[PDB]
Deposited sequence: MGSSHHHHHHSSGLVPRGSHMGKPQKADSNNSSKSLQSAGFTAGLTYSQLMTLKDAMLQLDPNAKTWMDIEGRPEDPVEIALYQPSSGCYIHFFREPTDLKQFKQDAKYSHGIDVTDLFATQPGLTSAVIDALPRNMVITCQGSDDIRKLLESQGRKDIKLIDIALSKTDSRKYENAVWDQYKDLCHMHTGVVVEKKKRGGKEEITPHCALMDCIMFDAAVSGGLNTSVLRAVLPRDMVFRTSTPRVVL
């Protein structure tokens, strides 16, 4: 199980475009023991890691889908199992990672054998952290089309779906005074995030 040797080498060569000394946000969707969306974001350089994973616990996923990320589980079948472990293995040693609520990132990293990675815990309230939520989506929505379901928050209220990548961007904007100017560039090749499939032709 996991990535093949040549895949790991391509991933390692890929991870070199990460600046190991720059500020790096990280966030996930899904529980740290069963994540389905992973994102790292370096605002100063614009480099970001973004990929997806099929969940193990389908029951807990449906709750996360209805209260948080709104991802269709069928859109994750094409992801490669083991990408999350391989990427976490490939993060630079003694890296400093920033997050809004460091508890979940810590469990994920520690359970993957990366206790060397230090975490900066930014503690913004749940409305303070999403101040730039609309502005972030308005500029970067083309970077993730995976949040297709209706997300909701006694009484129900429909909300904007949570995206691990958009969270990293809007959290950094909240502590920096606005959106960054650095164009965003993906660290991971697209062929590594999803297995390409030709859609069925309508005859």
Stretches of the record's deposited sequence for which the structure holds no C-alpha atoms: 1 to 42, 196 to 199
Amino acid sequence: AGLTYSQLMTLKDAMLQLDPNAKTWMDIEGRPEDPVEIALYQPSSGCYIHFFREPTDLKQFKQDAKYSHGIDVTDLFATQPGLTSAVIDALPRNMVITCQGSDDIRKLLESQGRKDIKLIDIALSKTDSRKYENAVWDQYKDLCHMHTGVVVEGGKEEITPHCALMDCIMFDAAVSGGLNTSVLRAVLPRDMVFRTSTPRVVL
From here on, numbers count along this sequence of modelled residues.
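Take the two forms, superpose them, and find the largest set of C-alpha atoms that agree within 1.5 Å; that set is the rigid core.
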More variable segment, 172 to 180 or 55 to 63 [Cα RMS over structures in 6 other deposited structures of this protein, core-superposed]: 172 to 180
How about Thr198: is it missing from at least a third of the other entries compared? yes
In a third or more of the other entries compared, is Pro32 missing its coordinates? no
Would you tell me which stretch averages the higher CA B-factor in the PDB entry, 75 to 83 or 100 to 108? 100 to 108
Mean CA temperature factor from the deposited coordinates, higher in 49 to 57 or in 158 to 166? 158 to 166
Among the candidates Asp34, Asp138, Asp172, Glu29, give the one with the maximum CA B-factor reported in the record. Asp138
Third of chain Cα B-factors occupied by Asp116: middle
Name the third of the chain's ranked CA B-factors that contains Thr10, choosing lowest, middle or highest. middle
Once the chain's modelled residues are ordered by C-alpha B factor and cut into thirds, is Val187 in the lowest, middle or highest one? lowest
Split the chain's modelled residues into thirds by Cα B-factor; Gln63 lands in the middle
Among the chain's modelled residues, which third holds the C-alpha B-factor of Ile122? middle
